[PDB]
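This report concerns only the one structure given below.
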Amino acid sequence: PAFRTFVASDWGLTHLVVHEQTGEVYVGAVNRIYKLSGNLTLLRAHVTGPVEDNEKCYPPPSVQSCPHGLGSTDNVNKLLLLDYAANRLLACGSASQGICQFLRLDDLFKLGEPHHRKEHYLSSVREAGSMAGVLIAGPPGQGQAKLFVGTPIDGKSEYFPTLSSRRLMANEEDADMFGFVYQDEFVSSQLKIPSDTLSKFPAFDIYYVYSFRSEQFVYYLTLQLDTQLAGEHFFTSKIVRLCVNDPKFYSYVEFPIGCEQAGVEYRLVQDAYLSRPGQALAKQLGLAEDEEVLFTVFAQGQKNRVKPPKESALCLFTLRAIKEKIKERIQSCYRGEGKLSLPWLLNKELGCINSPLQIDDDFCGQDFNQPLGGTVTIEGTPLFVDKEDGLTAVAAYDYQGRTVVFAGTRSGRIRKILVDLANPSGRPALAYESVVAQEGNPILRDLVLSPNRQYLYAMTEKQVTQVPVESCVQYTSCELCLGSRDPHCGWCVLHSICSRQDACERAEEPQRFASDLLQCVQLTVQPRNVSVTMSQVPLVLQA
Amino acid sequence: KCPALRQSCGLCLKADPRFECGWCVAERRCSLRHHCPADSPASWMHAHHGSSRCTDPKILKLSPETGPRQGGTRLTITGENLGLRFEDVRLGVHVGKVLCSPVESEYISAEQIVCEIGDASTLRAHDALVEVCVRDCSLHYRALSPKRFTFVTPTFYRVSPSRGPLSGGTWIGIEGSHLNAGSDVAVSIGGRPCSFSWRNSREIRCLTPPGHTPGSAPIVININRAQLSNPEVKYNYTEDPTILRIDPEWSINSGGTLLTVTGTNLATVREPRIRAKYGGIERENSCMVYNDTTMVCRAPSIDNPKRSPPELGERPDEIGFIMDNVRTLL
Ligand SMILES: *[C@H]1O[C@H](CO)[C@@H](O[C@@H]2O[C@H](CO)[C@@H](O[C@@H]3O[C@H](CO[C@H]4O[C@H](CO[C@H]5O[C@H](CO)[C@@H](O)[C@H](O)[C@@H]5O)[C@@H](O)[C@H](O[C@H]5O[C@H](CO)[C@@H](O)[C@H](O)[C@@H]5O)[C@@H]4O)[C@@H](O)[C@H](O[C@H]4O[C@H](CO)[C@@H](O)[C@H](O)[C@@H]4O)[C@@H]3O)[C@H](O)[C@H]2NC(C)=O)[C@H](O)[C@H]1NC(C)=O
Ligand SMILES: *[C@@H]1O[C@H](CO)[C@@H](O[C@@H]2O[C@H](CO)[C@@H](O[C@@H]3O[C@H](CO[C@H]4O[C@H](CO)[C@@H](O)[C@H](O[C@H]5O[C@H](CO)[C@@H](O)[C@H](O)[C@@H]5O)[C@@H]4O)[C@@H](O)[C@H](O[C@H]4O[C@H](CO)[C@@H](O)[C@H](O)[C@@H]4O)[C@@H]3O)[C@H](O)[C@H]2NC(C)=O)[C@H](O)[C@H]1NC(C)=O
Ligand SMILES: *[C@@H]1O[C@H](CO)[C@@H](O[C@@H]2O[C@H](CO)[C@@H](O[C@@H]3O[C@H](CO[C@H]4O[C@H](CO)[C@@H](O)[C@H](O[C@H]5O[C@H](CO)[C@@H](O)[C@H](O)[C@@H]5O)[C@@H]4O)[C@@H](O)[C@H](O[C@H]4O[C@H](CO)[C@@H](O)[C@H](O)[C@@H]4O)[C@@H]3O)[C@H](O)[C@H]2NC(C)=O)[C@H](O)[C@H]1NC(C)=O
Ligand SMILES: *[C@@H]1O[C@H](CO)[C@@H](O[C@@H]2O[C@H](CO)[C@@H](O[C@@H]3O[C@H](CO[C@H]4O[C@H](CO)[C@@H](O)[C@H](O)[C@@H]4O)[C@@H](O)[C@H](O[C@H]4O[C@H](CO)[C@@H](O)[C@H](O)[C@@H]4O)[C@@H]3O)[C@H](O)[C@H]2NC(C)=O)[C@H](O)[C@H]1NC(C)=O
Ligand SMILES: *[C@@H]1O[C@H](CO)[C@@H](O[C@@H]2O[C@H](CO)[C@@H](O[C@@H]3O[C@H](CO)[C@@H](O)[C@H](O[C@H]4O[C@H](CO)[C@@H](O)[C@H](O)[C@@H]4O)[C@@H]3O)[C@H](O)[C@H]2NC(C)=O)[C@H](O)[C@H]1NC(C)=O
């Protein structure tokens, strides 16, 4: 067999996403945004790129003249978000103080690209993937579609907010786009970098790696600078959260996050992926059906976010456990204990105000004791650690209970891990490894399973690759088939092939499909040895 | 109006995303967010983009109730609370064990599925209930048919004229069992197709095509993917009848007199009749066959208040006989 593939003809790729209805694959790149079929044939190509511009210029040349010299520069796709509700694609670029694009879903027709007002500008930052966010919607006429979006700032504190809650109007031509949900002269649905904190620590910045909506909130995994760890730059990986229904922005929380393996620290997020666990991991991790889970990838130490270490670890967080750490921390500040402790935001430490309240998971923040930080760093359950080849990306999914994990590598390889801590085994075991861009093109965080969940689109700097979740047909024998353990595989006895239950005809019947090695075909012949000179000898067969 | 037309979740999310009208679990009815209380943060459900599975699917009734064992039948299932996309119902439909493949164009979302049944030769059962699984065969998201679909193998044993003229046009009556099964029916005499009229449990009635050469011919009936044969039951094509003499060569304006007609192969037409055209009016009347050569006919009335025949006598514009498709005799 051959791996279905889309090659990047001229430039690097940045983002990928799958349409849950069609299976069309949209692909963000530098200067390009592609639409692709399920089998990775090119469907449509949008030019978004080389634009005459300059990063130093505020409002970009379109609106005002700039004295700084302009040059043909590349427009990096910073972000990509499927808006199914309005039949389109939010395709947020850079290189225009970060103006956002709207491409129509089925043909990539530019519906709109707002860039007159200051909100239509997102950030000067030219780095790919340092941005993330989520699209959330209500029905037409009600409280309209909103975008929560984090980005780096590059020290442009007064131009852009790092985190924001913005409006998504139905008309792409409408000027109201990317305007804040509630703006006041006192408090706006945004969070800015304070000027005092940039004067003290020169180039502090928040880089947003992953982001997801959960129940009623919005989480972000972030990287920040040395602020109680002027000197040198050392980063601290943290979780952020907000209530979806908090225009005031009072719900903001921020806990440091990482995990440790035999006295070795892993504190730099490279990717994450919210998922289900299915019956298997759920049960022995102690969860209800709809309880969520967060697979993550961390590098060793707190050094070089620009070029991290090989040493990397796949950890785990149950959201019930992060919810408890946040509820536990809030029911603590509402006892009046200590300070808020959030260095980069509030330079002078304001104190926790005591008050009688019913502290719930439904709590969406209040006026006093405000935006607050975290003291106890949240530790994660380790699963698999690569030491010679750094993990880069992750995904996971529920298959017939058993929880399959996918892991990109710096080499261009994907690992297919059954997590078995909650399962019978000693520790979670690798099942299989696979090749994409063998030469050493790293896999990127945007790694999405298809809608039918039959394949997994794996993106590199230079190519997209349709890697099948299940490829049991590489297994030649019942003994090797059920020996690999990667749970999709069974021996379809009468066809003498290895594949999934739904692929083996008549599998539901007795003994027609084998799932444990003990079900394998065992055969014996009574007259094992027969002479050349003999002919038509009667033999008895026990099977 | 939030539905006075839809008492099923599937029907509401089916209608415009514009209306804002959506299905509300607790009430067991459908109205806007406006008109339905939020006891749960997800108590009011709306088809976001159609990515909304809908609870408690139910089957009301399905057409063809019977089908051939060979399959190929188009099953026409009509329910109330089905899936909102095709690609979820596809793969969901089954007739007992038998895999049924649904048709895109003929599928009307959450009201009706048209499905093509596969080969049921290997099935042990004679009849099986129909099942739809909306997307996943979940315990709340499965529907089972109130009465079950029946598999048969139709057979035929007799034809009710076994003889007919080469020109064709004979009303054939094929007797058998289970003849009303499946969807399509096609009857072929000598490979050439019969014009179908009506179908029954016990009878198929069709009108014969012209035969190539006179004599015995095979009768092939195909219902969907089942092609049933019988070499013991054949159809015999006869040489076209002829008319030689009518004896009295006359009648009166109102007709009704006996006519002693003579010819050939007259027993090969079961219901022959006389035709006469007088003025702008065409009229017909009955005959009684006796031999292959003899026939008694009752003369056609030509009663016209526009023209009356003269005392001398008058030839009609046309005179002949209706004998199946032998048109030279008309
Ligand atoms: C298949 O069946 C049909 C009948 O169903 C049959 O046709 C008739 O066959 C019978 C014999 O089976 C024939 O009848 C015999 O006629 C003999 C005398 O013939 C003269 O009389 C005829 C009858 O007169 C009646 O009809 C006329 C006109 O409608 C009417 O005015 C009268 O009132 C009367 O009711 C008459 O038609 C016939 O004229 C014929 O001949 C002329 C000239 O050649 C010709 O131009 C005409 O076209 C016409 O064909 C003639 O004037 C008679 O002797 C005989 O009686 C014997 O038999 C009976 C019964 O078995 C005995 O009881 C008796 O003792 C006698 O021995 C009988 O009545 C009749 O001729 C046939 N009709 C025609 C039109 O040909 C076929 O033959 C059958 N096929 C078979 C047998 O294989
Ligand atoms: C070639 O192919 C033949 C297939 O027929 C293979 O022959 C079989 O070999 C194995 C051992 O290699 C035999 O199993 C052993 O069985 C004995 C009991 O033997 C008695 O019962 C037999 C069956 O009921 C019967 O055939 C024997 O009769 C033979 O001998 C007489 C006298 O010489 C002769 O006239 C006949 O014609 C027969 O040939 C006999 O009555 C049993 O005692 C063995 O167990 C011992 O060994 C084990 C292991 O070390 C040990 O754990 C035990 O404690 C015990 O000490 C053993 O089970 C089998 O019976 C043979 N089959 C036949 C039909 O004879 C042969 O192996 C192939 N050759 C090669 C080189 O691979
Ligand atoms: C399909 O349909 C055709 C047409 O209807 C059938 O052929 C017919 O068979 C019937 C049987 O009921 C025949 O009637 C019998 O005729 C025989 C003697 O046949 C001879 O005489 C015929 C009439 O004079 C004549 O037409 C025949 O000649 C034909 O064949 C040659 C050679 O192939 C051809 O060249 C000619 O052009 C003709 O077509 C033939 O020489 C006779 O034995 C029967 O008499 C019985 O009945 C009478 C009266 O009751 C009685 O007195 C006797 O004692 C005896 O018991 C009977 O009259 C009819 O002739 C055939 N017609 C035609 C047009 O061919 C054919 O059989 C059908 N197929 C099948 C598989 O059934
Ligand atoms: C002829 O006269 C007609 C009608 O009088 C004018 O049409 C109006 O055009 C104005 C634009 O000036 C439209 O005003 C817009 O209304 C939006 C309000 O929608 C909200 O309404 C309620 C209450 O606020 C909410 O509950 C609900 O959720 C809706 O969200 C505003 O959101 C718009 O404001 C935005 O644009 C302005 C201007 O750019 C900014 O200052 C704001 O910051 C913001 O971004 C906007 O004000 C109005 O809808 C039209 N009227 C009607 C009745 O529909 C024509 O302008 C005029 N034509 C000519 C040629 O003179
Ligand atoms: C885009 O992707 C789609 C799927 O996402 C894909 O189209 C599919 O191709 C497969 C085969 O690769 C087809 O599946 C077939 O289904 C029919 C029944 O209708 C079977 O007869 C086929 O069996 C044959 O192939 C078997 C395996 O090779 C053989 O063992 C056997 O002998 C048969 O020859 C087979 O299962 C299917 O038709 C479509 N899928 C759908 C949903 O229609 C395609 O590869 C991509 N297309 C493009 C244009 O890029």
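Chain lettering (A, B, ...) mirrors the order of the structure tokens, residue numbering begins at 1 for each chain separately, and ligand numbering begins at 1 in order of display.
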Worksheet entry | Contacts of ligand 1, 12 Å or closer, only C-alpha atoms and all ligand atoms, given as a PyMOL selection string | chain B and resi 244-249+257-264+266-267+288-297
Item to complete: Please run DSSP on the backbone and report, as number ranges by chain, all residues within segment 53-156 of chain B that come out as strand (DSSP E or B).
Response: B: 59-63, 66-68, 74-79, 94-95, 98-102, 108, 112-117, 127-128, 130-133, 142-144, 149-152, 155-156
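If you take only C-alpha atoms and a cut-off of 7 Å, the residues of chain B that reach chain A are residues 20, 48 and 49 of chain B.
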Those residues you just picked out, can you put them in a file as a PDB file, in the first residue's frame with N, CA, C and O atoms?
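Output saved as part_24.pdb:
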ATOM      1  N   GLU B  20     -35.605  30.039  13.714  1.00  0.00           N
ATOM      2  CA  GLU B  20     -35.051  29.958  15.067  1.00  0.00           C
ATOM      3  C   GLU B  20     -35.801  28.892  15.874  1.00  0.00           C
ATOM      4  O   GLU B  20     -35.420  28.552  16.998  1.00  0.00           O
ATOM      5  N   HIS B  48     -27.620  22.491  14.913  1.00  0.00           N
ATOM      6  CA  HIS B  48     -26.569  23.506  14.789  1.00  0.00           C
ATOM      7  C   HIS B  48     -26.199  23.783  13.330  1.00  0.00           C
ATOM      8  O   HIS B  48     -26.136  24.938  12.894  1.00  0.00           O
ATOM      9  N   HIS B  49     -25.958  22.709  12.588  1.00  0.00           N
ATOM     10  CA  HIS B  49     -25.666  22.770  11.161  1.00  0.00           C
ATOM     11  C   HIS B  49     -26.298  21.523  10.557  1.00  0.00           C
ATOM     12  O   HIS B  49     -26.232  21.280   9.346  1.00  0.00           O
TER      13      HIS B  49
END
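Once residue 211 of chain B and its same-chain neighbours fewer than 6 positions away are set aside, residues 166, 167, 168 and 237 of chain B remain within 7 Å of it when counting only C-alpha atoms.
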Create the file for the chosen residues now, containing N, CA, C and O atoms and written as a PDB file, in the first residue's frame.
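Listing of again33.pdb after writing:
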ATOM      1  N   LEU B 166     -49.831 -13.774 -34.041  1.00  0.00           N
ATOM      2  CA  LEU B 166     -48.459 -13.283 -34.214  1.00  0.00           C
ATOM      3  C   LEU B 166     -48.301 -11.774 -34.023  1.00  0.00           C
ATOM      4  O   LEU B 166     -47.275 -11.321 -33.508  1.00  0.00           O
ATOM      5  N   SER B 167     -49.303 -11.004 -34.452  1.00  0.00           N
ATOM      6  CA  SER B 167     -49.288  -9.546 -34.288  1.00  0.00           C
ATOM      7  C   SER B 167     -49.294  -9.156 -32.807  1.00  0.00           C
ATOM      8  O   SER B 167     -48.832  -8.073 -32.443  1.00  0.00           O
ATOM      9  N   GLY B 168     -49.816 -10.050 -31.968  1.00  0.00           N
ATOM     10  CA  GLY B 168     -49.847  -9.848 -30.521  1.00  0.00           C
ATOM     11  C   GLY B 168     -51.101  -9.133 -30.059  1.00  0.00           C
ATOM     12  O   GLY B 168     -52.141  -9.216 -30.706  1.00  0.00           O
ATOM     13  N   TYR B 237     -47.534 -18.986 -30.358  1.00  0.00           N
ATOM     14  CA  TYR B 237     -47.901 -17.970 -31.345  1.00  0.00           C
ATOM     15  C   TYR B 237     -48.576 -18.613 -32.558  1.00  0.00           C
ATOM     16  O   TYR B 237     -48.062 -19.583 -33.126  1.00  0.00           O
TER      17      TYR B 237
END
Worksheet entry | Residues near residue 94 of chain B, cut-off 9 Å, only C-alpha atoms, skip fewer than 3 positions along chain, as a list in words | residues 91, 97, 98, 99, 100, 101, 117, 129, 130, 131, 132 and 133 of chain B
Keeping only N, CA, C and O atoms, write the selected residues as a PDB file, in the first residue's frame.
ATOM      1  N   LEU B  91     -25.813   3.016   5.834  1.00  0.00           N
ATOM      2  CA  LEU B  91     -25.162   2.012   6.686  1.00  0.00           C
ATOM      3  C   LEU B  91     -26.006   1.647   7.905  1.00  0.00           C
ATOM      4  O   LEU B  91     -25.759   0.628   8.550  1.00  0.00           O
ATOM      5  N   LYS B  97     -31.101  -9.266   9.214  1.00  0.00           N
ATOM      6  CA  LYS B  97     -29.651  -9.366   9.063  1.00  0.00           C
ATOM      7  C   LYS B  97     -29.178  -8.710   7.762  1.00  0.00           C
ATOM      8  O   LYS B  97     -28.058  -8.194   7.685  1.00  0.00           O
ATOM      9  N   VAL B  98     -30.063  -8.715   6.765  1.00  0.00           N
ATOM     10  CA  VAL B  98     -29.741  -8.331   5.382  1.00  0.00           C
ATOM     11  C   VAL B  98     -29.395  -6.854   5.245  1.00  0.00           C
ATOM     12  O   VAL B  98     -30.200  -5.987   5.597  1.00  0.00           O
ATOM     13  N   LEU B  99     -28.201  -6.587   4.715  1.00  0.00           N
ATOM     14  CA  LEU B  99     -27.720  -5.221   4.526  1.00  0.00           C
ATOM     15  C   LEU B  99     -28.495  -4.497   3.437  1.00  0.00           C
ATOM     16  O   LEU B  99     -28.641  -4.995   2.324  1.00  0.00           O
ATOM     17  N   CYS B 100     -28.976  -3.310   3.777  1.00  0.00           N
ATOM     18  CA  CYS B 100     -29.795  -2.511   2.887  1.00  0.00           C
ATOM     19  C   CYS B 100     -29.053  -1.211   2.582  1.00  0.00           C
ATOM     20  O   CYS B 100     -28.659  -0.493   3.506  1.00  0.00           O
ATOM     21  N   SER B 101     -28.853  -0.920   1.296  1.00  0.00           N
ATOM     22  CA  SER B 101     -28.156   0.305   0.866  1.00  0.00           C
ATOM     23  C   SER B 101     -29.120   1.411   0.415  1.00  0.00           C
ATOM     24  O   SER B 101     -29.850   1.245  -0.563  1.00  0.00           O
ATOM     25  N   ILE B 117     -32.437  -3.257  -1.000  1.00  0.00           N
ATOM     26  CA  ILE B 117     -32.115  -4.481  -0.272  1.00  0.00           C
ATOM     27  C   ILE B 117     -31.121  -5.322  -1.067  1.00  0.00           C
ATOM     28  O   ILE B 117     -31.229  -5.424  -2.288  1.00  0.00           O
ATOM     29  N   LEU B 129     -37.859  -8.178  10.712  1.00  0.00           N
ATOM     30  CA  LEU B 129     -38.238  -6.805  11.034  1.00  0.00           C
ATOM     31  C   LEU B 129     -37.182  -5.843  10.495  1.00  0.00           C
ATOM     32  O   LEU B 129     -36.014  -6.206  10.383  1.00  0.00           O
ATOM     33  N   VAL B 130     -37.596  -4.624  10.154  1.00  0.00           N
ATOM     34  CA  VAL B 130     -36.677  -3.618   9.614  1.00  0.00           C
ATOM     35  C   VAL B 130     -36.133  -2.726  10.717  1.00  0.00           C
ATOM     36  O   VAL B 130     -36.864  -2.321  11.625  1.00  0.00           O
ATOM     37  N   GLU B 131     -34.844  -2.415  10.607  1.00  0.00           N
ATOM     38  CA  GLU B 131     -34.116  -1.663  11.616  1.00  0.00           C
ATOM     39  C   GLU B 131     -33.430  -0.449  11.004  1.00  0.00           C
ATOM     40  O   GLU B 131     -32.769  -0.556   9.966  1.00  0.00           O
ATOM     41  N   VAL B 132     -33.595   0.702  11.651  1.00  0.00           N
ATOM     42  CA  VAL B 132     -32.764   1.867  11.354  1.00  0.00           C
ATOM     43  C   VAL B 132     -31.971   2.312  12.570  1.00  0.00           C
ATOM     44  O   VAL B 132     -32.512   2.465  13.664  1.00  0.00           O
ATOM     45  N   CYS B 133     -30.673   2.485  12.372  1.00  0.00           N
ATOM     46  CA  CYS B 133     -29.814   3.048  13.392  1.00  0.00           C
ATOM     47  C   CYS B 133     -29.409   4.417  12.884  1.00  0.00           C
ATOM     48  O   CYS B 133     -28.762   4.519  11.841  1.00  0.00           O
TER      49      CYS B 133
END
Fill in: Non-local contacts of segment 174-183 of chain B (7 Å; only C-alpha atoms; under 3 positions in same chain excluded) as a ChimeraX atom specification
/B:64,66-68,73-74,152-160,199-205,223-224
Item to complete: Around ligand 3, at most 6 Å away and counting only C-alpha atoms and all ligand atoms, which residues are there? Put them as a PyMOL selection string, please.
Response: chain B and resi 215-216+236-239
Writing out the chosen residues with C-alpha atoms as a short mmCIF file (atom, residue, chain, number, x, y, z; two decimals), in the first residue's frame:
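That gives us selection_32.cif:
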data_model
loop_
_atom_site.label_atom_id
_atom_site.label_comp_id
_atom_site.auth_asym_id
_atom_site.auth_seq_id
_atom_site.Cartn_x
_atom_site.Cartn_y
_atom_site.Cartn_z
CA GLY B 215 -44.99 -21.53 -32.39
CA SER B 216 -43.81 -22.15 -28.82
CA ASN B 236 -47.91 -20.64 -28.62
CA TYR B 237 -47.90 -17.97 -31.34
CA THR B 238 -50.53 -18.60 -34.04
CA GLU B 239 -50.82 -17.51 -37.69
#
Discussion item. List the spatial neighbours of segment 462-470 of chain A as a PyMOL selection string - criterion: any atom at most 8 Å away, only C-alpha atoms, same-chain residues fewer than 4 positions off excluded.
Written reply: chain A and resi 3-9+11-13+39-40+436-437+441+453-458+488-489+499-500
Give me a file of those residues, with N, CA, C and O atoms, as a compact mmCIF listing (two decimals), in the first residue's frame.
# COMPACT_ATOMS: atom_id res chain seq x y z
N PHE A 3 0.79 5.61 1.14
CA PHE A 3 0.15 6.63 1.96
C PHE A 3 -0.30 7.83 1.14
O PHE A 3 0.53 8.53 0.55
N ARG A 4 -1.62 8.08 1.13
CA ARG A 4 -2.22 9.19 0.38
C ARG A 4 -1.67 10.53 0.85
O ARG A 4 -1.62 10.79 2.05
N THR A 5 -1.28 11.37 -0.10
CA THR A 5 -0.46 12.53 0.25
C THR A 5 -0.69 13.77 -0.62
O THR A 5 -0.99 13.68 -1.81
N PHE A 6 -0.53 14.93 0.02
CA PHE A 6 -0.59 16.24 -0.63
C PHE A 6 0.74 16.93 -0.39
O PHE A 6 1.14 17.12 0.76
N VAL A 7 1.43 17.30 -1.47
CA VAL A 7 2.74 17.95 -1.33
C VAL A 7 2.67 19.47 -1.43
O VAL A 7 1.94 20.02 -2.26
N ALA A 8 3.42 20.14 -0.57
CA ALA A 8 3.53 21.60 -0.60
C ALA A 8 4.55 22.02 -1.65
O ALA A 8 5.77 21.94 -1.43
N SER A 9 4.02 22.46 -2.78
CA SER A 9 4.81 22.77 -3.97
C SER A 9 5.88 23.84 -3.76
O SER A 9 7.02 23.65 -4.17
N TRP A 11 5.79 26.48 -0.67
CA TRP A 11 5.97 27.08 0.66
C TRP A 11 5.72 26.13 1.83
O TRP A 11 5.32 24.98 1.65
N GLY A 12 5.98 26.63 3.04
CA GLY A 12 5.69 25.90 4.26
C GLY A 12 4.21 25.95 4.63
O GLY A 12 3.51 26.91 4.29
N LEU A 13 3.75 24.91 5.32
CA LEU A 13 2.37 24.83 5.81
C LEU A 13 2.32 25.16 7.30
O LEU A 13 3.30 24.99 8.02
N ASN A 39 -9.13 12.46 0.36
CA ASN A 39 -7.96 11.68 -0.04
C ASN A 39 -6.82 12.58 -0.47
O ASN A 39 -5.85 12.13 -1.08
N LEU A 40 -6.95 13.87 -0.14
CA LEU A 40 -5.89 14.87 -0.28
C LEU A 40 -5.56 15.33 -1.70
O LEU A 40 -4.43 15.72 -2.01
N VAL A 436 5.93 9.29 7.72
CA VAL A 436 5.23 10.32 6.97
C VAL A 436 6.20 11.08 6.07
O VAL A 436 6.18 10.92 4.84
N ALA A 437 7.03 11.93 6.68
CA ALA A 437 8.13 12.60 6.01
C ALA A 437 9.42 12.10 6.66
O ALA A 437 9.95 12.73 7.58
N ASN A 441 11.25 15.79 8.53
CA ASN A 441 10.33 16.92 8.62
C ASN A 441 9.40 16.69 9.81
O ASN A 441 8.68 15.69 9.84
N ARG A 453 -13.49 8.96 11.24
CA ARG A 453 -12.43 8.48 12.14
C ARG A 453 -11.71 7.23 11.63
O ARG A 453 -11.31 6.35 12.40
N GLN A 454 -11.55 7.18 10.31
CA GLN A 454 -10.89 6.08 9.62
C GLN A 454 -9.43 6.42 9.34
O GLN A 454 -8.58 5.53 9.26
N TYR A 455 -9.14 7.71 9.18
CA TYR A 455 -7.79 8.17 8.86
C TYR A 455 -7.36 9.25 9.85
O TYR A 455 -8.15 9.66 10.69
N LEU A 456 -6.11 9.68 9.75
CA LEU A 456 -5.59 10.78 10.56
C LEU A 456 -4.66 11.62 9.70
O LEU A 456 -3.57 11.19 9.35
N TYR A 457 -5.10 12.83 9.38
CA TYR A 457 -4.31 13.70 8.52
C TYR A 457 -3.14 14.26 9.32
O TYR A 457 -3.34 14.91 10.34
N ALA A 458 -1.93 13.96 8.85
CA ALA A 458 -0.69 14.35 9.54
C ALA A 458 0.11 15.37 8.76
O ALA A 458 0.61 15.09 7.66
N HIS A 488 -7.76 -2.24 17.02
CA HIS A 488 -8.64 -2.33 15.85
C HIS A 488 -8.56 -3.68 15.15
O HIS A 488 -9.45 -4.05 14.39
N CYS A 489 -7.48 -4.42 15.42
CA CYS A 489 -7.12 -5.60 14.66
C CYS A 489 -7.66 -6.90 15.24
O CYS A 489 -7.48 -7.19 16.42
N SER A 499 -7.98 -7.46 10.18
CA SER A 499 -8.71 -6.18 10.05
C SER A 499 -9.78 -6.01 11.14
O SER A 499 -9.96 -6.88 12.00
N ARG A 500 -10.51 -4.89 11.09
CA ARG A 500 -11.52 -4.55 12.10
C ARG A 500 -12.80 -5.39 12.00
O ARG A 500 -13.02 -6.07 11.00
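Atom pair atom 41 (O, counted along the ligand's line) of ligand 4 / atom CA of residue 144 of chain A has a distance of 17.7 Å (rounded to one decimal).
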Quick one: residues within 10 Å of ligand 4, with only C-alpha atoms and all ligand atoms, as a tab-separated table (two decimals) with N, CA, C and O atoms, in the first residue's frame?
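That gives us selection.tsv:
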chain	number	residue	atom	x	y	z
A	117	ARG	N	-10.74	49.59	11.08
A	117	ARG	CA	-10.65	49.91	12.51
A	117	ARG	C	-9.48	49.20	13.20
A	117	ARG	O	-8.83	48.33	12.61
A	141	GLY	N	-30.41	35.97	15.79
A	141	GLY	CA	-31.37	36.80	16.52
A	141	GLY	C	-31.03	36.89	18.00
A	141	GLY	O	-31.21	37.95	18.62
A	142	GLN	N	-30.55	35.78	18.56
A	142	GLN	CA	-30.08	35.71	19.95
A	142	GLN	C	-28.68	36.35	20.08
A	142	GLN	O	-28.21	37.01	19.15
A	143	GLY	N	-28.04	36.14	21.23
A	143	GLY	CA	-26.65	36.57	21.45
A	143	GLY	C	-25.75	35.91	20.42
A	143	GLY	O	-25.57	34.69	20.44
A	144	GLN	N	-25.19	36.72	19.53
A	144	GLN	CA	-24.52	36.23	18.32
A	144	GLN	C	-23.17	35.53	18.53
A	144	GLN	O	-22.69	35.41	19.66
A	167	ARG	N	-16.57	39.99	18.64
A	167	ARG	CA	-17.86	39.77	18.03
A	167	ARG	C	-17.71	39.29	16.60
A	167	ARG	O	-16.84	39.76	15.86
A	169	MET	N	-20.08	39.16	13.45
A	169	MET	CA	-21.31	39.53	12.76
A	169	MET	C	-21.55	38.62	11.56
A	169	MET	O	-20.61	38.02	11.03
A	174	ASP	N	-19.74	43.92	7.03
A	174	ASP	CA	-20.10	44.68	8.24
A	174	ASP	C	-18.85	45.15	8.98
A	174	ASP	O	-17.93	44.36	9.23
A	175	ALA	N	-18.81	46.42	9.33
A	175	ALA	CA	-17.65	47.00	10.00
A	175	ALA	C	-17.48	46.55	11.46
A	175	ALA	O	-16.40	46.68	12.03
A	176	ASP	N	-18.54	46.01	12.06
A	176	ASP	CA	-18.53	45.67	13.48
A	176	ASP	C	-17.61	44.49	13.85
A	176	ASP	O	-17.35	44.27	15.03
A	177	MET	N	-17.12	43.76	12.85
A	177	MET	CA	-16.30	42.56	13.07
A	177	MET	C	-15.13	42.73	14.03
A	177	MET	O	-14.52	43.80	14.10
A	178	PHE	N	-14.83	41.66	14.77
A	178	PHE	CA	-13.72	41.59	15.73
A	178	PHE	C	-13.74	42.72	16.75
A	178	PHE	O	-12.70	43.07	17.32
A	179	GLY	N	-14.92	43.28	16.97
A	179	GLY	CA	-15.15	44.27	18.02
A	179	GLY	C	-15.42	43.51	19.29
A	179	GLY	O	-15.96	42.40	19.25
A	180	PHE	N	-15.06	44.10	20.42
A	180	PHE	CA	-15.17	43.42	21.70
A	180	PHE	C	-16.61	43.26	22.16
A	180	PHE	O	-17.46	44.12	21.88
A	183	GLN	N	-17.61	46.66	25.48
A	183	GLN	CA	-16.60	47.69	25.70
A	183	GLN	C	-17.13	48.82	26.58
A	183	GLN	O	-18.23	49.33	26.38
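The gap separating atom CA of residue 146 of chain B from atom CA of residue 222 of chain B is 29.3 Å, in Å to one decimal.
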Item to complete: Within 7 Å of ligand 5, which residues show up when you count only C-alpha atoms and all ligand atoms? List them as a PyMOL selection string, please.
Response: chain A and resi 37-39+41
